[PDB]
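One chain is shown next in structure tokens, namely the form deposited in one PDB entry.
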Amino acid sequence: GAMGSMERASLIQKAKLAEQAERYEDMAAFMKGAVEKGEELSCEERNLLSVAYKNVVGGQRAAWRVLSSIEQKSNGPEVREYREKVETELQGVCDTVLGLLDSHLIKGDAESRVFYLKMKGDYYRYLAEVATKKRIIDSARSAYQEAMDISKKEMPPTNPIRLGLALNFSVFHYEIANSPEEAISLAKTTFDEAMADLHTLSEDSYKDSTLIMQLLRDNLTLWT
């Protein structure tokens, strides 16, 4: 690809520069180039990859929701045409990320496996947000479910990756799978079991875990 001629270390370096500059499309391209080098990603490098594509698709999703809302309000073809254009671009990015996960990253340490399986569920979920669909939802559920099984066996309840996986799998249940009670149960059980495990909250993971715990409580407050 376009990044084939650049050193892996230089791609990682420029991904951090792009992050500081809030150039997330560049950031994602650099990290894709790094994945293409064929070596496994470190903990920090996985974070760079996830943050880059999370922000890229985040902007596309937000734009899609604005256009879809306008489209539904109208019950010419321009609104549909432009919404489909943003939708196609969004799907393309999701396909790019899913391709990286399945071709390179998903294979190992439970921390990395759960990380990538959460991503797989997330980007199938984003595909499901715009799908008009059952296959996509099933693929998201499988990834989330496998990640849940591993994290339950291999990771403590306060681990931020385990917490974030549960937060998103709960959101999946609520607004994708039309299972509000399952979403609520999962969020509550996750929050409660993490609250009883704070004695093992490890200095460099305290801020991430407590942040996600508050996001879990945010959703419970919204849904109950």
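Sequential numbering from 1, following the sequence displayed. Take the two forms, superpose them, and find the largest set of C-alpha atoms that agree within 1.5 Å; that set is the rigid core. Residues that one form lacks are left out of the comparison.
Engineer: Look at the stretch from residue 75 to residue 76 and count the residues of the deposited sequence that the entry does not model, then pick none, 1 to 3, 4 to 9, or 10 or more.
Structural biologist: According to the record, 4 to 9 deposited residues lack coordinates from residue 75 to residue 76.
Engineer: I need to verify one thing: averaged over C-alpha atoms only, is the B-factor higher for 151-159 or for 55-63?
Structural biologist: Per the PDB record, 151-159.
Engineer: Could you check the entry and say whether 194-202 or 179-187 has the higher mean CA B-factor?
Structural biologist: The entry gives the higher C-alpha B-factor average to 194-202.
Engineer: Determine which member of 83, 125, 135, 118 has the highest CA B-factor, using the values in the deposited entry.
Structural biologist: Of the candidates given, the C-alpha B-factor peaks at 135.
Engineer: For the listed 101, 90, 143, 114, which has the peak Cα B-factor recorded in the PDB entry?
Structural biologist: Comparing C-alpha B-factors across 101, 90, 143, 114, the top value belongs to 143.
Engineer: Split the chain's modelled residues into thirds by Cα B-factor; is residue 165 in the lowest, middle or highest one?
Structural biologist: Middle third of the chain for residue 165's C-alpha B-factor.
Engineer: When the modelled residues of the chain are sorted by Cα temperature factor, does residue 97 land in the lowest, middle or highest third?
Structural biologist: According to the entry, residue 97 has a C-alpha B-factor in the chain's lowest third.
Engineer: Considering only modelled residues of the same chain, in which third does the CA B-factor of residue 16 rank: lowest, middle or highest?
Structural biologist: As the PDB entry reports it, the C-alpha B-factor of residue 16 lands in the middle third of its chain.
Engineer: Based on the deposited C-alpha B factors for this chain, I'd like to know if residue 28 is in the lowest, middle or highest third.
Structural biologist: Ranked within chain, residue 28 CA B lands in the lowest tercile.
Engineer: Would the CA B-factor of residue 3 place it in the lowest, middle or highest third of its chain?
Structural biologist: Residue 3: CA B-factor falls in the middle third of its chain.
Not pictured, yet referred to below: the form deposited in another entry.
Engineer: Please determine whether the C-alpha atom of residue 204 is displaced by 2 Å or more between the shown form and the other one following superposition on the rigid core.
Structural biologist: For residue 204, whose C-alpha is compared between the shown form and the other one after core superposition, the shift is 2 Å or more.
Engineer: Using the rigid core for the fit, write out the stretches of 3 or more consecutive residues with CA shifts of 2 Å or more between the shown form and the other one, ordered by sequence.
Structural biologist: 200-208 is the only stretch that shifts between the shown form and the other one.
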